[PDB]
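**Student:** Have a look at the structure that comes next, please.
Read the figures in this text as sums done on the coordinates, not as results from a lab. Here the Cβ positions follow ideal geometry from the backbone for every residue, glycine too, while neighbour counts run over all protein chains shown.
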Amino acid sequence: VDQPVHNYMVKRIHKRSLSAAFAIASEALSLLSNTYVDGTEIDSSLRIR
Amino acid sequence: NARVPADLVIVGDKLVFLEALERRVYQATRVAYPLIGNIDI
Amino acid sequence: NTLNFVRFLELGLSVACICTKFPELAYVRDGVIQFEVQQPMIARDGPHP
């Protein structure tokens, strides 16, 4: 004669990640970090670019 | 919810999506598409 | 007999090209056209660059 059976299981998490790169040239850093020194008609176009 | 254009097929008695995502993703990039796997005989 | 006159644009070959008038073509040394095509990317994990 058979009797009922219960089961218990445990699963854990597993950690992954994503990575994506993004580069800025040194000329663009020098353009963006003037700190209120530029502002002529030709630096504005390079800053916009 | 949102209404999204994506085709649905029915097999057996189950309603399933059927995606072949090759044009939206894995297009114009340097990654190899999965489901193009290899076997050895 | 009378000859039948055919115009270029009435053909079905006219959809395969974009024609435009240009009077001073003989003074063009090297005409030039550009393309600027950008590509997407996939973010992933693992010891890949």
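**Student:** Collect the residues in chain A that are under 30 Å from C:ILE42 (Cβ atoms) and either among the polar types (S, T, N, Q) or part of a strand (DSSP E or B) (or both), keeping them in residue-number order.
**Tutor:** Hits for chain A are A:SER17, A:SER19, A:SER26.
**Student:** To continue, here is another question. Could you tell me which numbered condition A:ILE24 fails, if it satisfies all but one of (1) surrounded by 10 or more Cβ atoms within 10 Å (Cβ to Cβ); (2) closer than 30 Å to C:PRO40 by Cα?
**Tutor:** (1)
**Student:** With (1) surrounded by 10 or more Cβ atoms within 10 Å (Cβ to Cβ); (2) more than 14 Å from chain C (Cβ to nearest Cβ) as the list, and B:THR29 as the residue in question, which single condition is left unmet?
**Tutor:** Condition not satisfied by B:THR29: (2).
**Student:** May I ask you to list the residues in the range A:1-40 that are over 20 Å from the mean Cα position of the chain (by Cα) and either within 14 Å of chain C (Cβ to nearest Cβ) or β-branched (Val, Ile, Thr) (or both)?
**Tutor:** Answer for the range A:1-40, where residues must be over 20 Å from the mean Cα position of the chain (by Cα) and either within 14 Å of chain C (Cβ to nearest Cβ) or β-branched (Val, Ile, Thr) (or both): A:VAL1, A:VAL5, A:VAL10, A:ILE13, A:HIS14, A:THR35, A:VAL37, A:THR40.
**Student:** For C:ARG44, only one of the following conditions fails: (1) surrounded by 10 or more Cβ atoms within 10 Å (Cβ to Cβ); (2) under 15 Å from the mean Cα position of the chain (by Cα). What is its number?
**Tutor:** For C:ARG44, the failing item is (2).
Per-residue answers, yes or no, for (1) assigned to a loop (DSSP other than H, G, I, E, B); (2) closer than 25 Å to C:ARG44 by Cα:
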position	(1), (2)
B:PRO5	yes, no
B:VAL16	no, no
B:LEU21	yes, yes
B:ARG24	yes, yes
B:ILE36	yes, yes
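**Student:** Please name all residue pairs, on different chains or six or more residues apart, with Cβ atoms under 7 Å, provided the first residue is in the range A:5-33 and is within 30 Å of B:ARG30 (Cβ to Cβ) and the second residue is in a loop (DSSP other than H, G, I, E, B) and among the hydrophobic types (A, V, I, L, M, F, W, C).
**Tutor:** Between residues of the range A:5-33 that are within 30 Å of B:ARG30 (Cβ to Cβ) and residues that are in a loop (DSSP other than H, G, I, E, B) and among the hydrophobic types (A, V, I, L, M, F, W, C), the close pairs are A:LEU18/C:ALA43; A:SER19/C:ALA43; A:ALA20/C:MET41; A:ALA20/C:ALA43.
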